[PDB]
Each structure stands twice: as C-alpha cells, then as structure tokens.
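> Generate coordinates for the sequence data below:
(chains A, B, C, D and E)
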Amino acid sequence: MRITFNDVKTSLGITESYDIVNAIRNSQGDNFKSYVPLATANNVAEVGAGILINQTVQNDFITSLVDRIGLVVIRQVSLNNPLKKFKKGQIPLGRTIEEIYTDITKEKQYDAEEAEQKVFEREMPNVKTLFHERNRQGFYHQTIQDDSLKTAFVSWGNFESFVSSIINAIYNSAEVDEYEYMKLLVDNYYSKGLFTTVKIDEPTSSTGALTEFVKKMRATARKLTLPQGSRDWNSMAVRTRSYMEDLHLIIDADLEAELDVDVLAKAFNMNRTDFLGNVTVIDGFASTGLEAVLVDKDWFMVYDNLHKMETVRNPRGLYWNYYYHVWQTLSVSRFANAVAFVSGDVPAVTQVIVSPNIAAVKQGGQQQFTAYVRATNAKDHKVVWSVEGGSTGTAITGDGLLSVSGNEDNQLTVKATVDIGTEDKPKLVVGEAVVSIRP
Amino acid sequence: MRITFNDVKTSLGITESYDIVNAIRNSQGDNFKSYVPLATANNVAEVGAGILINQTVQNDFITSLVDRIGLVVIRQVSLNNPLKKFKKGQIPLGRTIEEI
Amino acid sequence: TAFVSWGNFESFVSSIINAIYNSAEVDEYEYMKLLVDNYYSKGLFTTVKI
Amino acid sequence: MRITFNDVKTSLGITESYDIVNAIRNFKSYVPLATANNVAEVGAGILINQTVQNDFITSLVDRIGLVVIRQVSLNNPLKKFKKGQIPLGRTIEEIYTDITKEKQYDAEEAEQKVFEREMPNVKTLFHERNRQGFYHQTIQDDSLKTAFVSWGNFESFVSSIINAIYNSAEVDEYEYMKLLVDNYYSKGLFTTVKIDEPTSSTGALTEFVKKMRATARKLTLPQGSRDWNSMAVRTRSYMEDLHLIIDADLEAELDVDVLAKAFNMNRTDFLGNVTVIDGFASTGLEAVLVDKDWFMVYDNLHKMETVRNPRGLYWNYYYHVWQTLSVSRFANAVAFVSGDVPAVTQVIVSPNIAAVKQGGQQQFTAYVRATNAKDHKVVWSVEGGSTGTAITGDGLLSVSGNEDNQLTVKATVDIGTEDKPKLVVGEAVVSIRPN
Amino acid sequence: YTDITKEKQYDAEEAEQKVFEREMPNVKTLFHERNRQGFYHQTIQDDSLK
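Numbering: from 1, shown residues only, chains lettered A, B, ... in the order given. See the structure here:
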C-alpha cells in the first residue's frame, strides 16, 4: 500500500467505438442532434463511465483546499447453488458408503414326489453391492490486516462492513465450487456411458422436432413410472420402479425459452404438451450432445463429511489468517434410473451389462451369466461369450453357462462382446465380469 | 475356502466416451472451462460413478464389505401389478367352474 | 457377522421377503398378460383392422 | 512398557470414564456429564466446535500425560537410584567424616587441652552431569474423531498417546547411565582389577567369578578397607547395597546361580541388583561393581506442551524432561577391566587441600592404586616457588616465613624405563595465610 | 506400531524455526489372519434317556 500513481489518464482499458464527442459535435440532421442543446455534454461524456484511479483535485474557489470524498458504498453479494436440494445427509465419521440391492427370484413347479428329497436344498438370493468413498478435500485461505486497514476508512461501520464482506467472500466461493462439483457428476456419468440413451433430432431445428422431443420424454416418463417395473433404465440391470413425484428433468435456459415461446404460448390445453416431472434449469452441460437429463431423486449420492473454520493470529504482522476446510463425498447410484436424451451422433450399442459381475464358485461347478445390451436402435445384436482365466478344463457355453475345472486355482474373467462395426472395421463393446474360485 | 478379488479395475462396467479427465486437461476456453477452478477434480471423477469392488481390507462371506463400513444403506422397492382389479375371489374347495 | 448392527440384519431379511413377494407379483402380471396373448393366438378374438 | 488402561486406572483415582476435564473447565454447557454407556453424545459435544475441541485436547494431554508419566516412570526397575526433585541449597559439595581410632582415657593429658578440635572433614565437590531433551509426537484429527465410537476406543487412544513417549524415555535412561559410567571410567577414578577375557574360555569364567567374590567380600569388610574408592577414606558398605553393571554377552555366558552365591542373595533378590547393558564400549571394561549411593539422579522438571496447526489439522505435543546425574567421590566402585592397563592407576594425596600459616609444617601421605603385587617409589615436589619452603622424602613439608604465593604439593610415581613418556601425578593445594 | 528413537537435544536456536513439524510415520501393516469354522455333532437315543 503506497500511493504513487502519477499521470494516469481516464482511458486505461477503454477502446471507444465511434467517439461520442465527435459524433455529437459533427451532427447535421443526424440522430445525435438530441444532445446538441446540452450545455455540458463533454465532461459528462468523459466521466460518466467512472474512473479506476482518482487523484487529488483542488477547489474551484480556493485552490489551497482539496475536494473530498462525500459518499462511500460497499457492495454485497450472496451466491447459492440450485443443486443443494439434491444433497443427502451428513456423515461425520467414516470414509465409505455401502449400498445393497436385492433382486427378484424365479418360480418353480409344484412336485410332491420330487419334494421328498429336496427339502433342504438351498437357492441363494440375488444381491448386488456398490461402494462409494470420500473424494473431495479442500480449503479456502484469507488474511485480514485489521490494524493496517484503518487508514482507508473514516467510519467504524464502514470498516466492519468491509470486514464482513471479506468474510462472506469465502462462503460465496465455497458455494460456487460446490455447484461446479455437483454439476460435474452428470458429465462424468455421460462420459462413462452409464446413462440410458434416447435419440432425438434437435430441440432447436424445428417446432416439429421440439414436439417430438416432448412426446419422447413423456413416453419415457410413463415407462419409468410403471407399477411392475423394468430393468431397462439402470446401469445395474435390476428390476426397479420409480415414482412420478421423484423424477427430475434438468434442461437449459435456451431450451426452456424456445419451448414456452413455441409450443406453450400457441397451444390450447397447455398441460397436455409440457413437461411432466419436476423441472430444473441450469447453465447447460459440458457434453457435446446432452440436451436434457431425466434422473431419479435417489440418483444423487453426495454427502458432506467436514465443514469447519479455523483462525490464527500473527503477533508480529498483526493480521488474522482464516482457513475454511470442506470435505465431501461425491458419487451417484447405479441402482436408480437415468436417461440422457442425446441429439448428436450416437453409437448403435452404448454398453453391455453382465448381471453377475462378481461371483465365487467352488473348484468344480457351473455358474450362469446373463447379458443385457443397451442398443439405441431396434436392431438385434448377437452376443459372443468368452472366458480368459488362463486355465485348461474350464469352458463357457454359448448360452453363458460357465463350468470350471478343479485342476487350477486362479481368477477368471468373463467377457460378453458385441460387434457394432462394419466388415473389416470391427468396433467392439465389451462387458466384463470377474469370477473367483475357492479351493 | 478362502476367496478374494484382486487384479481388477473399476472400469469393467464402463464404456468410455470422451475421457472427461483428458477433455478437462486439453481445454482452451471451451464448455469444459467451468471445472478448471476445482482444485481436486480427478479424484472426484475417479469414483464419480461408484466402485463395484475395490482392493482394501474386506470380509470373506459377502462380497467385499470394506472393514471401515462407515455407513450402510439398504434400499427396498415394491412392485405391483395393474391388472389386479380384474381378479375374482377364491375357491377353497373344488376344482371346476361351470358357466351357463 | 457381516453387519455390525441388528437393524441392518433385519433390513436384509425384510428385503429378501419383499423380493419374494415382488417376484410373485411380477409372475402373476405376466400370467394375466399371457392369458390375452393366448386368446389372440387361438383366434378367438374379434379383429378390427387399423 | 506394555502400558494399558490398567496402569493409568491405578495411577489415577478413577474407574473407567470420567468427567474431570469438563468439570474443571463455557465448556460445561457443551458436553453432557453422563459417565454411562453414551459415547456419541459426549463425542458430539467435544467436537461441536474448534474452541472446545482445542481446550479439551490440551487439558487432557497436558494434565493426564504429565500425571501418568510421572507416576509410571517412578516404578521402573532403576528407581532406587532415582531421587525426587533437587533439594534446595544442596551446595554441590560433599562432606564426609573419616573414621579413626579412640583416644585412651587420661586425665593428666586431658587437662592440658580441652578446646582442641579433631579433624577437617576432607570436603570435596560433587561430580555432576546435566541432561535435558524432548521427544514430541503428533496426533491427527481423524484418530480423534474415530475415538468416541465406544468407551474402549478412548482408553486405547490414551494408551497410544502415552506409550510412545514412555518407551522412548525409559530406553534413553539406560543410555545415559551407560554414558555416565563410561565418562567416570575415562576420568579414571575407579579402582581397577585385572581379568583375562572371561568369555575366551571356561577357566577364565570361574577365575572372574572368584575375583568378583573376593572383591565383594573385601568391600563388605566390617572393619574397613580404605583400599577402594577414588580417595583413601576408609569406609564400609553392606553386601545388600552393592550393585553390579555387567555386559550383556558376559551375563548371557554366566549362569543365574553361583553369581548370586558369590553374594548372599539367592536369585530372587539378586536379579534386582544387576543391570545389563549392550557393551560398555570403553577399552576393555567388562563389569563395574559400585555402591548403591554411588550414583544418584535428581529430576529438575517434566513438562508437556501442545500446539495446533490449523492449516494441517493436527496437534503436536512436546514432552520435555530435564534432570541432573551425580556420582559421589566417597563411594566404593571397582572397574574389573581386561586389557593392558598400566601397573599404577592413580596416586592420591590424603590431606588434599590444606591451609597453613607462614611458618608451619604439614604431613602428606600418598596412596598408589597398583594393579600388581610389586611396590613403587613416590617422589615429592613443592612446585610453588619461594625460599626455604621444602618437603622431605617422607612427605613432611615446611614453609618458610614471608611467603604469600599459594603452593601445590605434587606426588609422582613412575613405572617407565630409560625412556619415560608416562608419569602418574597427584596434586594437593596448600594455601598460605599471614600469621 | 510406533518406533522408539533417541531424544532431540534442547536448543531454542533450532527450535524457533520448526514448531509445526511432525515426527515420523507409524509403519502401519496389515494383520496375518486365518479363520476356522467347523462342527462335531453327536447322537442321543431315547433308550439312554429313559
């Protein structure tokens, strides 16, 4: 803090377009003739945008005196994140979160004669497990020199207001960072190819395309909220069900404005041609083809583990250091429905899911695996099964039944692949599942 | 009898589209510029989707179950059928119904 | 021994029971749909062309 | 060394959990006072905010660590050499009265002198050695948040934060004792006995045991020996007060018995009088046999002080221990070396410091610590510098008048040859006063 | 497990430069485990209960 700034013009970062002063002066029947009768239109023109640096100016009457500052104003701002309503509870102690899902079973036929030797036969349930771990640890650092900051203020109220604004800046930064972190999750999920993809033409090309997108969204929501459920909209391929009141559609402002200008302001019975679930508007996604994302309330699995503030004082320098530490867990659940609604170029098959992903079997035994292909078209894609564990005597039938030999003891990997490319241009989509064996 | 899972990566249930980490890395004023101020984004993107299984201290009978469980959530769903209004009552005794 | 609380164990057992009941519901829905499909397959419906 | 909750529970007048910290302390209206099975509530109350967290952790570590470590470091096996705080006005000076015979009863001789004094108390100065250091350790916030899950986690945390410091300190005590013994031997105030590599063969072992037994029985003579100790003082000591510091390999080679039979103890009371170290690392020293009161230690202070890093989310607690170690000059101490030590170890002048007038005389006697059975001659010199002040061959020095410089009586014994790059010199200081 | 080390000499001149320093890692390791589970079982007759 040293006041040495001499000969600074009030034109630092300004690149004028047409020099309003000359435009007004050389006006003969132009649009600027309105400003001709103004007595002082040059000082206003040259000062009305504000000046970044001020200099001491003497008084008009007595040049010994200096003009002084009459008013000082301090601006305040408060920023929030509209996704905060998606946050889950709090986990003070712990690092990981465990998620368990149980699936439906199969029906057998009643046979009393065969029931007299299979009373104690057992049939294990179908259970799937998912894990999440804490993945964000950060802090914000600020310093305040209260004693050295007293020469710039005349009123204790203004001094306190400035200090309060400095403190609030940390919270604003934390809110912005939290919003960015939460919005990165959808882009990461789309980049991993775990969304269920619905192909649309374009939300902006034509009103017909926009209304086709609306129709597709309504059909998808109706299919999602069915009492019997469906294993077609979750990455784990489990028979699950969703409720209409828990469905959230995230779109952007351009799409919202185009929709309510084109299809809502010109349609009678507007309730039959609009969105169904809860509607959220953000500032667009980072993905190329993403237009609108339809998710379940339980899709978000974000938790906060630490939120604390610590202050230290320097006696030699007379200043306070403030540290704001934030620790969080950011992840999403694969047991909930999630639709992407892509409008660009989409491959024929997005992923292949093998229903048993981890399984432990004995030295000699058979295990059945099922595969689901997420195709974006109505075409049927065949699935090729293989196992590569490096052991001789184990083999997988084309139906996905793997029989393991007891001669060797090592981990096995099971692959179900499809070919979505053309001849001489093999494009492969592979779904992997690992098998352990007990000796 | 001992069972364990090793030499397994958390990408078997992943079909990479555009490698969001690399996209963030090679960004020049694009739509991905909003994530630059984030100090720790790679760690978040690593386990953004969720890990099916990891390599830590784990139990034996059930799959994985890291020792530091911290919090366990179990979710239940109820499935119903929409045609149940068309069902009639019960026949405790007898086999055949005659309609005249 | 898998869980450290009785609530988790009872929730797991209740989840298994709920899975059984959901399987029964799905099966009866599929059977009632199979009734209609079989009736159509036997040609006993009155057909209208669209 | 394997400290668990039992040691702290018996050191403090408590049973299981306690609310001493929050009772002493605002702090009270943050944490519940219940000592019941509830641990989540007290954990939340402690961790509600950083001020309460810091206050609780600081009070806990400081007070509890100081009290527990002070009460558990005084029960170590080497506690009989451990005294309390240093006494006020110790004057760092040793005074001892030499034993002598009894004067025969005689009225005729007594009537001439009744105000006569008896003897100077051969004062000397303590041999001191100061020690001061710190250990310090760090504790994270993670393994304080994850310590209120159950009441046993809290006690495990306390044991963990005490055990490291206690182990390091008790390990370092032995090293300091070994260094003090090495320094004393290097100064050479020990009286030496020559042995021949007791681990070289089996006959050397029994010869060494016999030498130890003979030396101990000579030390514990009821009448007095005067042959031992850093100066001829003619003291005696009990057999139950002798302590043996022996090398680890020699101790392993020797058996538990017969070594105890050399004394009057029987194993159970003998293992408390033997200290084992991993090598003396001083020439050919094997085992040192000293009196109980030969070595003492006074604890100047013990302190615990903590600081917190808000940028790193952790604490550092430093434990400072300062104490002084003293060895007496009037106690019995035998070196028991095996090497090529000289025939004569040290020559000691009995009168030591003296104060004489300008026309007086003084008698000095010299004691030579010889490791062999031969005899050696001692020569006397006056040093100083004056006229008429001289010492005869028998140690009688007469001072002539009109003298002011302080003189030093010097006794020299030589065990050399035609070339003599070796002299054993003992010095006495005589101060002259004007009559 | 925490290791045992010799103390640092007391010196304010060197102490004034580092007061927030840690000491050492605590050489953590994982336990060597082996679990067992079995049964013995026996029978009892009604005769040697009567």
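
> For burial, what's the neighbour tally of residue A:48?
Number of residues near residue A:48 (other C-beta atoms under 10 Å in any protein chain shown) recorded here: 8. Every C-beta, even on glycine, is put in place using the N, C-alpha and C of the backbone.

> And the helices in chain A, which stretches?
If DSSP state H is used as the criterion, the helices of chain A fall at A:20-25, A:43-47, A:156-191, A:207-224, A:253-262.

> how about JSON lines for the ones you listed, with distance to chain B added?
JSON lines is the format used below for the helices of chain A (distance: least, C-beta to the nearest C-beta, whole Å):
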{"stretch": "helix A:20-25", "distance to chain B": "32"}
{"stretch": "helix A:43-47", "distance to chain B": "34"}
{"stretch": "helix A:156-191", "distance to chain B": "4"}
{"stretch": "helix A:207-224", "distance to chain B": "12"}
{"stretch": "helix A:253-262", "distance to chain B": "13"}
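
> which stretch among the ones you listed comes nearest chain D?
Comparison of the helices of chain A against chain D by C-beta to the nearest C-beta identifies helix A:156-191 as nearest, at 14.3 Å.

> quick one: that closest one to chain centroid distance?
Relative to its chain's centre, helix A:156-191 lies at 17 Å (C-alpha atoms, centre = their mean, to the nearest Å).

> just checking, what packs against that helix?
Contacts defined by 3 or more C-beta pairs under 8 Å, 6 or more residues apart in numbering or on different chains; DSSP states H and E place helix A:156-191 against strand A:136-144, strand A:319-329, helix B:20-25, helix B:42-46.

> ok and the residue in the stretch 251-400 of chain A nearest chain C?
residue A:335 (12.6 Å).

> What distance do you get for the residue nearest to that residue when sequence neighbours are not counted to residue D:159?
Excluding the flanking residues, the one nearest residue A:335 by C-beta to C-beta, 6 or more residues apart in numbering or on different chains is residue A:101, at 5.1 Å. Taking C-beta to C-beta, to the nearest Å as the measure, residue A:101 and residue D:159 are separated by 41 Å.

> One more: residue A:331?
Between residue A:331 and residue D:159 the distance, using C-beta to C-beta, works out to 36 Å.

> Likewise for residue A:33?
Between residue A:33 and residue D:159 the distance, using C-beta to C-beta, works out to 91 Å.

> about what we covered before: any chance of the helices of chain A in TSV with mean neighbour count as columns?
Rendered in TSV, the data for the helices of chain A read as follows (neighbours: other C-beta atoms under 10 Å in any protein chain shown):
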stretch	mean neighbour count
helix A:20-25	14
helix A:43-47	12
helix A:156-191	17
helix A:207-224	16
helix A:253-262	14
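
> Might you enumerate the residues of chain A proximal to chain C?
Among all residues of chain A, those adjacent to chain C (criterion: C-beta under 8 Å from any C-beta of the partner chain) are A:100, A:102-107, A:125-126, A:228-229, A:239.

> Generate a PyMOL selection restricted to the buried entries among those.
Restricted to the buried members of the residues of chain A next to chain C, where burial is judged by 16 or more other C-beta atoms under 10 Å in any protein chain shown, the PyMOL selection command reads as follows:
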select buried, chain A and resi 100+102+103+104+105+126+228+229+239
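
> For the most centrally placed residue in chain A, list the residues it contacts.
Centroid-nearest residue in chain A, with C-alpha atoms, centre = their mean: residue A:183, separated by 2.3 Å. The neighbourhood of residue A:183, defined by C-beta atoms under 8 Å, 6 or more residues apart in numbering or on different chains, consists of A:83, A:282, B:34.

> Repeat the analysis, applying 10 Å as the threshold.
Shown here is residue A:183, whose contacts under the criterion C-beta atoms under 10 Å, 6 or more residues apart in numbering or on different chains are A:81-83, A:250, A:282-286, B:34-35.

> swap in residue A:15?
Residues in contact with residue A:15 (C-beta under 10 Å, 6+ apart): none are found.
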